[PDB]
Structures are given as C-alpha cells and as structure tokens.
Amino acid sequence: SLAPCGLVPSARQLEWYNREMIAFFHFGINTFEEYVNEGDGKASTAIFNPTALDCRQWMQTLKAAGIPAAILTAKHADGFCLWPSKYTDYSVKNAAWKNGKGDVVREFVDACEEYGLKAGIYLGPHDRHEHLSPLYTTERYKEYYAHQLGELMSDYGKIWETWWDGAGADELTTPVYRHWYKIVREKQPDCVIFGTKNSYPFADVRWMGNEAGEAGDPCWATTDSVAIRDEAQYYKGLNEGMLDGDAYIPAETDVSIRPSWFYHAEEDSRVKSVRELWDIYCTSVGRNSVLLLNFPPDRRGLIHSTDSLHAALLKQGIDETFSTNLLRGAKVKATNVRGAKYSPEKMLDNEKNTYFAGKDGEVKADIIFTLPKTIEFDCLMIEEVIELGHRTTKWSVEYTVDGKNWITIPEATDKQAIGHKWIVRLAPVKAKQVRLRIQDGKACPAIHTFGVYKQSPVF
C-alpha cells in the first residue's frame, strides 16, 4: 500500500467531492419584491405568495441535469424563514401563501427524498431582520440561530450540507459558530459545512473568492485556515489554495445561472449559455473543485424553462464528451511502475477504485500511449487518488503522429495540480501516440484516470 502524502480528505470531503455538482435554490420574500437581491428585513410577510409551487418540478430539473444534491435558502439575510419556526413570526407562518399554513422547507426535503437527492440548507448567519430589534445582541442572536438550527437539523430528515454565507457576518465570533457547529455535527454527522470567516475551524469546504465560477489554476484542496478567516485579504489563498496549506478544506465554487441570485423576469433572456456553463464546469469541477449552481424559482415557485434547458444540455454535453476515452485500446509503456496491481493500464479501465502508481520515493513518470489508429482530440482529463493526498505537482501532455518528435500541447504544459479532477481543453490535435509526463511531486504518483476526448457538438 502507498502511504498517504501530506494532508488528506475526510469521509465527508470525499462524499462532497464525488457529487461534482450541487444546486442552489435562492427563493424567499425577496422574490416577491421588485428587483430585490438583498432584502432589508422590512418587507411584509404577507407578500410571500407563490401560486404554483412545486419542489418536484425543481427536482426534475436536477434529474435532467445530473445534479445529485440541492441547497435551499431556508433563510437569507432578510431574515424571512421558509419554514414555520417556533422562534419567529418573520416566516411563512404569516404569509398569504396557504393562509399561513405552508412549509417550503418541508416540501423541499420531501421532494429531495422522493427523488433520491441529497438535501442541504442555507441558514443566513447575518440577519438583517433581527438586527432591526432594539434588543438585538450577539449572545441573543446566537441562541435564536441555535434554536432554528436545531429545528432544521432535527425535524427535516438527513441534511448533507449546511451553508454559512460570510456576507455581513463579521460581528459573529468563533465561539458563536462553535455553538452552532456542535449542533450540526451531533445531529447530522454526514453534514458538510461551507464555512467562511470566523467559522474557519469548523469548515469542511471553503469559498474560492469570486462568484464568477472560476476556481484558480492551480487550485489546491489545502490552504491556510487564516485565508478563510481573513477572506477579503487572501483572494489567492482562497482561489488557488496553497500546496503548503495548514488545512485540508477544498474549494466550493458558487455561481448563479443568471446575473442575479434571486429571480427576476427580466433576466429570463439573460440565462447563461450552455457554452458559458461548460466553461464554468471546466473551471470548477475541472479544477479540483465542486460546482454549486443557482436556479432561482419564480413567483409561481417554479424553475424557469431556459434555466432548466441549459442545465439539461450541459449534462448531455458532458456525457457525450467523456463517454469515450480515445486512449482506450492503447498499448501502454511507462517508467516507474509500482506493480501489476498498479500498471498504467489502470488509468484506462474505467474502474472506480484502481489506479496507476509509481515506486516509493520516485515522483516522476513517463507514460506513452500508442494508439492502433490515429485519433483526433480537443479535451483531456486526469484524476488523482485523493485519499492519498496531493502527490503530483507538475505534469504535461504531448503527442506525436510521425514519431519523429513529441509535440507539446500549449494548454497542457507544466500544469501543477491534479487532485480530484483536472480538465484541459485544447485546440484539436491528431495523434498516433500520446505522452503523459509526471514531472514533479511530493510523492510517487497515484492516478485513477487519464483520458483524451472529443468535446460534444452540444458545445
């Protein structure tokens, strides 16, 4: 067995990585206001009134889109609660919707269960509504939040992510988040925590410093926990992470399918294109991260058609692209092969658990794939055995036809991270042979997958 190298992921972190994509559902009282993305806590609860709400419809969107998990805004900073909490009146309890007798969180988690999707919860740390009270104190709010957390972590089935937005959360101290973390961890042991700012010691996953859907190149799963803490002053630390980072807290990349996070009819014509989403996919999922994509339900309580369409087409595109590893069938020769159990042919076998590996202490390897017939490709992907750590730290891919010389691939030269998955897109090339150069690392290579592909016409 290979020894792991450096910091390694937890069981939670492995489960989260494997999701690849997660849906965000930004919905609430803001949706019923005119052009509001950040509500003031002053809107009348009465205005919340979806007319054809169907969380099943939301789940059908996700099914078609290949998305295995979903996070609902149970409470945004406006402080309006989507479930009839015992601990406030600023909720659905006092909505026009269902004469105050509804529970959107209920509908949501019921639909997730029905469809076999993992449910998550966004419960806004900064609460503008509570801040309106002359009685507001941090200590008081800590208890309020804890009460609500208890409801959501107890009575609504299995919860697989809790999201703590850092926006406006600067007054919230580490010991406050501790109190909250203990609740999550006790009641929901498989629950992954997206943590920002002063929650840094409790975070399972981090922010990556923009909402544009662009994780860094490289993007390490490790970083210093101070980067989370001092968010605004460590863009690089968040976006790229650090190879020598003191913590294993991988990046989660969040973005809206629209210009805004909440629904506006005027943005129906401004949904990101399939090509845009493919780009994003490649700069998140394809840069050692996970893609959290927001679909905002409308005032009917439905996901818009365009949003749904584009997500569905991205899935088709992804599926077509990676369905055929053009290297399959190759004759493979490598340097630095640990053993038959670990032959380079493993990178090609489509098995979940097998991998190529090198010998202890030898961090370099060269692998040559000789193809029976010349292939045309414009995309490649490589996957590391992440349980074993970030091992490889420099890699390149080359090709030839006349075998007279190895031709470099501009976009796949002296790359750094691999981790969970790294995708490279490239001007189409024809190849009779392909070379994978493992050029440097902290330990001998351990690689699950290597492939080249032809991008779907969908894209």
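Residues numbered from 1 in each chain as written, not as in the entry; some residues may be left out. Heavy atoms only, no water. Residues with missing side-chain atoms left out of burial classes, pairs and counts.

A. How the structure looks around the environment of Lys 142. The topology assignment puts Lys 142 in helix 5 (residues 138-154). C-alpha separation for the pair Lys 142 and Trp 180, spaced 38 residues apart in sequence, amounts to 8.1 Å. If sequence neighbours within four positions are ignored, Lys 142 has contacts with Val 176, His 179 and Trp 180. Only 2.7 Å separates the side chain of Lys 142 from the side chain of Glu 139, close enough to count as a polar contact. (Helix = DSSP H or I, 4+ residues; strand = E, 2+ residues; numbered from the N terminus. Contact = heavy atoms within 4.5 Å. Polar contact = N/O pair within 3.5 Å; in protein donor to acceptor, adjacent residues only side chain to side chain.)

B. Structural detail: the packing of aromatic side chains. The final tally for this structure, using the stated rule, is 32 aromatic pairs. With centroids separated by 6.3 Å and ring planes inclined at 80 degrees, the aromatic side chains of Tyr 141 and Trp 180 adopt a geometry described as edge-to-face. Pair noted here: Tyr 141 is in helix 5 and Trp 180 is in helix 6 (residues 174-187), with a separation of 39 residues, a long-range link. Assigned by exposure class, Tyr 141 and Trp 180 land together as buried. (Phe/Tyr/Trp six-rings, centres within 6.5 Å; stacked < 30°, edge-to-face > 60°. Buried < 20%, exposed > 50% of the residue type's maximum accessible area, 1.4 Å probe, protein only.)

C. Local environment of the domain arrangement of the protein. By domain assignment, the protein separates into domain 1 (9-323) and domain 2 (324-455). Computed over C-alpha atoms, the centres of domain 1 and domain 2 are 35 Å apart. The partner domain 2 presents 23 residues to the 24 residues of domain 1 that form the contact. At the boundary of domain 1 with domain 2, total buried surface from both sides reaches about 2,100 Å², with 61% on carbon and sulfur atoms. When the buried area of domain 1 at its contact with domain 2 is split by residue, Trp 220, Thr 321 and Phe 322 rank highest and sum to 26% of it. (Domains from an automatic or database assignment. Buried area = accessible area lost by both parts, 1.4 Å probe.)

D. Examining the pairing of strand 16 (residues 446-453) more closely. Within strand 16, eight of the eight residues are buried, leaving the element largely enclosed by the surrounding structure. Looking at chain direction, strand 11 (residues 356-357) and strand 16 are connected through two bridges and run antiparallel. From the neighbouring strand, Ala 357 faces strand 16, where its bridge partner is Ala 446. In this structure, strand 12 (residues 365-384) lies alongside strand 16, joined through six bridges in antiparallel fashion. Note that in strand 16 the partner of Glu 384 across the bridge is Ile 447. (Pairing = 2+ DSSP bridges.)

E. Main features of the packing of helix 9 (residues 274-282) against helix 10 (residues 305-322). Where helix 9 contacts helix 10, the axes come no closer than 9 Å and their chain directions differ by 60 degrees. Between helix 9 and helix 10, the angle falls in the class oblique. Between helix 9 and helix 10 lies a crossing of right-handed hand. Residue-level contacts link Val 274, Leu 277, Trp 278 and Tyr 281 of helix 9 to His 310, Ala 311, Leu 313, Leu 314, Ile 318 and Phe 322 of helix 10. (Axes fitted to C-alpha atoms, helices over the stretch in contact; angles between N-to-C directions. Parallel < 35°, antiparallel > 145°, perpendicular 65-115°, else oblique. Left-handed = near helix turned anticlockwise from the far one by under 90°.)

F. Looking closely at helix 9. Every buried residue of helix 9 is accounted for by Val 274, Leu 277, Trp 278, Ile 280, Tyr 281 and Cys 282. Looking at the buried positions of helix 9, the neighbouring elements they touch are strand 1 (21-25), strand 8 (252-256), strand 9 (290-294), helix 10 and strand 15 (422-441).

G. Highlighting the pattern of salt bridges. Summed over the entire model, instances satisfying the criterion amount to 31 salt bridges. A salt bridge links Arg 258 to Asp 268; the nearest nitrogen and oxygen atoms lie 2.8 Å apart. Pair noted here: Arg 258 is in the loop between strand 8 and helix 9 and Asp 268 is in the loop between strand 8 and helix 9, with a separation of ten residues, a long-range link. Judged by relative accessible area, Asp 268 falls into the partly exposed class, the value being 22%. (Salt bridge = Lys/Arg side-chain N within 4 Å of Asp/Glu carboxyl O.)

H. Region of the structure containing the state of the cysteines. Evaluation of the coordinates by the stated rule reveals zero disulfides. Looking at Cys 55, it has no disulfide partner, and the nearest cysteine sulfur is the one in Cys 112, 8.0 Å off. Take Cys 55: its relative accessible area is 2%, and that puts it in the buried class. No disulfide involves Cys 219; its nearest neighbouring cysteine sulfur is the one of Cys 282, lying 14 Å away. Residue classification places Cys 219 among the buried residues on the basis of a relative accessible area of 0%. (Disulfide = S-S within 2.5 Å.)

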